[PDB]
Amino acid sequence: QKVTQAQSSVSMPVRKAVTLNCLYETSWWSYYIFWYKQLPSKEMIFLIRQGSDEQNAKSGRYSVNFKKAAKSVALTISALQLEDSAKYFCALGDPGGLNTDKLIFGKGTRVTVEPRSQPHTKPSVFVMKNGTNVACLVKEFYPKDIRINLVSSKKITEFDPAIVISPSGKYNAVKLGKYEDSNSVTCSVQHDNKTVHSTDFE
């Protein structure tokens, strides 16, 4: 028995739909297929079950396009929400339903839910400090493409910025570093053909 999830990752915008493929090989006559969602916190949540002798499974925004001939159990996630971003696992029952039975899993497929297409939004830029540590905070920007620069002539260390989706559906960003000249460190951001300085707001 084997289970194959060919796609490693998939990206679709909010309110739209994504289809996750899965192919299996089993000697068993009658069996069960299950779809799980794995959270970044590592929790394994059951989504939907599909039977060998059943029609096509449907449970809310989830559906299974079953083809017992080709042995294909593609999962479709309709009207995508931002919390749908997770790793999705396809599991084959051995055969399933009996209390001693194991599940044979696939390696899983990552789903990233993109924010909707929106008018371009210029961000506000702020600097926060603690000794040598300087954080640049970039609030509410659209599109995602940005260059964040902490202006220092004595850098100790710099980390990759963190870009996250904001509750309004745009982006927020934080870039941290350690600088010897921290008290005078300023921040500059290149975004949508404009340059936003933290000093602009001061």
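Don't overthink the numbering: it's just position in the shown sequence, from 1.
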### Query
Do the CA atoms of 55-63 or those of 154-162 have the higher mean B-factor in the entry?
55-63
#### Entry: Segment of higher mean CA temperature factor, 107-115 or 70-78
70-78
### Query
Taking the values straight from the PDB record, which of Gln38, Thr26, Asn172, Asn133 has the highest C-alpha temperature factor?
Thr26
### Task
Going by the recorded CA B-factors, say which third of the chain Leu98 sits in, lowest, middle or highest.
highest
### Task
Would you mind ranking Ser198 by its C-alpha B-factor against the rest of the chain and naming the third, lowest, middle or highest?
lowest
### Summary
For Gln50, the third of its chain by CA B-factor is the highest
### Task
Sorting the chain's modelled residues by C-alpha B-factor, tell me whether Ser11 ends up in the lowest, middle or highest third.
highest
### Task
Please place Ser30 in the lowest, middle or highest third of its chain by C-alpha B factor as given in the entry.
highest
